[PDB]
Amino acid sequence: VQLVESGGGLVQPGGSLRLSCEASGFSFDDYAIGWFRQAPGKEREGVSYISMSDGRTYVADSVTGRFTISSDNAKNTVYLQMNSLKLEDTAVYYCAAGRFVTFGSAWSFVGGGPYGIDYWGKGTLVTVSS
């Protein structure tokens, strides 16, 4: 039962970065794996998630056209390709696994815990600065 992140770092605006999350120790049939982010100066916000069964995805409005999510169930790993990075994308990015429901293109995490998420990674820092 672990979610291990990597790929975070310092980049200039317009830069690119690729995050990875190694998910092991649980079913997948009922889960979506994805990413949030958080300032030290904020609550969490959802970024992008992928259904581990059918591959349906969610991508937040603040990042549409710039960030794309990928998976590979074998390596137990999910990817976030972050392009055209902006100063406001600076945050710590957490890998997350949660049970969910969809209403077309809109999603909701159904867990009893914070943000409706069952498991969290330790987080990977993404810094975008001039």
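Numbering starts at 1 and runs along the sequence shown.
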Should the higher mean CA B-factor in the entry be assigned to 85 to 93 or to 22 to 30?
22 to 30
Higher-B stretch (mean Cα B-factor, as the entry records it), 46 to 54 or 66 to 74
66 to 74
What third of the chain does residue 104 rank in for C-alpha temperature factor, lowest, middle or highest?
middle
By its CA B factor, does residue 124 count among the lowest, middle or highest third of the modelled residues in the chain?
middle
